[PDB]
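These notes concern the structure reproduced below.
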Amino acid sequence: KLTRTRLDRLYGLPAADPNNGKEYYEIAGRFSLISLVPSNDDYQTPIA
Amino acid sequence: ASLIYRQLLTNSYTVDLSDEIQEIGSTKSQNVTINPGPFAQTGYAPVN
């Protein structure tokens, strides 16, 4: 709700004070990364 | 006159050194191992 305005019941965070007493919004979780890594093998090496 | 064959058979070890004489001068070549066998088939992801 914005005081002294023509619209109330606003939705979504304002662009003025998006933090309001917090610096980092810590988010802990598990990530799985199945990627196409560029690497041939333990091959591509002199045999000796 | 049989000494020719006997001396050819007897004093025929130093010829081993001749190999080195050809091996020292020549240039060798080594190669890395090639990945053998079939390759796994993997395309893209379905597209929109």
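Every number here is computed from the coordinates shown, using simple stated rules; none is lab data. So basically every Cβ, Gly included, is an ideal-geometry build from the backbone, and we count neighbours across all protein chains shown.
Brief remarks follow.
- Taken as a whole, region B:18-33 holds no residue that is at positive phi and not aliphatic (A, V, I, L, M).
- Qualifying position, being away from chain A (no Cβ under 14 Å), aromatic (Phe, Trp, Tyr) and assigned to a loop (DSSP other than H, G, I, E, B), among B:5, B:13, B:44: B:13
- Positions within region A:11-48 being within 30 Å of residue A:1 (Cβ to Cβ) and of a type in the set (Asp, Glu), in sequence order: A:17, A:23, A:26
- Restricting region B:16-41 to residues that are among the β-branched types (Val, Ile, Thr) and within 14 Å of chain A (Cβ to nearest Cβ), the residue that is surrounded by the fewest Cβ atoms within 10 Å (Cβ to Cβ): B:34
- Qualifying residues in region A:5-48 (those that are surrounded by 10 or more Cβ atoms within 10 Å (Cβ to Cβ) and among the hydrophobic types (A, V, I, L, M, F, W, C)) - the one nearest to residue B:29 (Cα to Cα): A:13
- Residues in region A:1-37 that are under 30 Å from residue B:33 (Cα atoms) and either away from chain B (no Cβ under 14 Å) or of a type in the set (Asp, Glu) (or both): A:33 alone.
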